[PDB]
Every structure is written in structure tokens, then in C-alpha cells.
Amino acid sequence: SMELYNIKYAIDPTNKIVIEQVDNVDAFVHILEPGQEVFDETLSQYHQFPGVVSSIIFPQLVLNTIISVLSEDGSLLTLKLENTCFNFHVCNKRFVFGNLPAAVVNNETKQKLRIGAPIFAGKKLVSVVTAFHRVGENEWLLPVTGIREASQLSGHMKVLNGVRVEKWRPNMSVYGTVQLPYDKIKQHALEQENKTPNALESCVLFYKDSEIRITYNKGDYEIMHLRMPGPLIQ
């Protein structure tokens, strides 16, 4: 396999980078698609950050520092972590999510990047390419997943029935499983008790370009409501 800085890597039949070793120690780095749900009990022993199951810790970065990514041309591309991006997956009924530091690339640059391309800070691996989010014409967001950046948020929650993602419509407030006008949500919230017959647990993610809402519910009763920056990677 090929060696670069402190890693060894290979390439998938799906044109995806496979991280084989880091610091001369055998490694496991498994990339998940945005919002993908998988079930595989073998994955729970490893670390998880949004979009990756990894045997190696992807360490905390700082916004506005410079990282390097391996390009399809064997070169290193230097990028500044100027934006943020929200990504998630579901692995063994655990919703793993967070807002990640992100770089910005044009159409030409994105296509030179493989899903899995190692990302370096200094000459040490700090992350891998996991996803691309289109932020308009000739512009993409490149999240750098890993341990929560100091100013950001990360987390997980057990979701028995997955994560149902819903487009967040204009003029709607959010309670539990519904988005409705505020005056209605205010009446509904003060109305709801934890008494839904045959109440199943739910997790809902509502999204607009700027903001994400996550609720955790038992039946129609809202247990948690979290508001956080966007955007979401489809």
C-alpha cells in the first residue's frame, strides 16, 4: 500500500480510500454516507464521529487553522477551516451527530477528492473525507469530522426507530413530531402529557439552510428539543 506522512492507505473497488495503518499500528477507518443507517455489532468497539467509525481518534481542531488533504493527483491540497457543517449517521441504533469544521471547495477541486482521502494537520492524520455538501454553484462544503471543535456541538442518542428527517417549512414552530404555527404549538405543548396509547419512541430532525432541530419523543410527547446551526448534508 501507499505511505504518506504517518499513515498507510489503499483504494476501494468503490474508489474509496482505505486507511490501513496509522503510526505503524493497524487501523480501521470505515466511512458512512450522510444520514446512513447500518447495523453491525462489530462497529461498536471503535470510536465514532459523524460519518466515520474509526479505530484512531480524530483529534480536536480549531476553526481558521490550515489542514491538508490528499488529492487524486497524489498532491496535498491546503485548505482553511472557515465554515461549519452538520452531519450524522445511525450505527447500531445510535444517532451520532454534530457540527463539524469545514473547508470550501469549487466543483473542480471536489472531484479530485476521494471519499476517504486522509486529512492532515502538520504531518499527522487528523480526519478523513467523509462527505460533500453543495452550497451553491461551483461551491461545496467539505466537513472535517473528529472530536468536537471547542465552539461546536457533538452528541449521540439511542434511537430505536431511526432518525426521521423532515424538511422544515417556513412559518412553522416545532414540538415533538410536528411543525405547526407557534400559537398552536404553544397550546399543544401545554396540552401534551406522557400518555399516548401504545406510545412509540421517535427522533425527528427538521432542517432548513440555517438551522437544524432535533426532537426526542415518546408517542406525541416531546422529551427533548435541540436547536443548532446548519446546514445538513443530504
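Quick note: we count residues from 1 along the sequence shown, nothing fancier.
Next on the checklist: Please compare 57 to 65 with 189 to 197 and name the stretch with the higher mean C-alpha B-factor in the deposited structure.
Outcome noted: Comparing 57 to 65 with 189 to 197, the higher mean C-alpha B-factor belongs to 189 to 197.
Checklist entry - Out of 68 to 76 and 124 to 132, which stretch has the higher average CA B-factor listed in the record? => result Stretch with the greater average CA B-factor: 68 to 76.
Item to check | Which of 92, 109, 145, 84 ranks first by CA B-factor in the deposited coordinates | outcome: The record points to 109.
Checklist entry - When the CA B-factors of 222, 23, 211, 20 are compared as recorded in the entry, which is the largest? => result Highest C-alpha B-factor among the listed options: 23.
Next on the checklist: Considering every modelled residue of the chain and its Cα B-factor in the PDB entry, is residue 34 in the lowest, middle or highest third?
Outcome noted: Middle third by C-alpha B-factor.
Checklist entry - Among the modelled residues of its chain, does the C-alpha B-factor of residue 11 lie in the lowest, middle or highest third? => result Answer is middle: the recorded C-alpha B-factor places it there.
Item to check | For residue 100, the third of its chain into which the C-alpha B factor falls | outcome: Its C-alpha B-factor belongs to the lowest third of this chain's values.
Checklist entry - For residue 167, does the deposited CA B-factor place it in the lowest, middle or highest third of the chain? => result Ranked within chain, residue 167 CA B lands in the middle tercile.
Checklist entry - Which third of the chain does residue 161 land in by C-alpha B-factor: lowest, middle or highest? => result Middle third.
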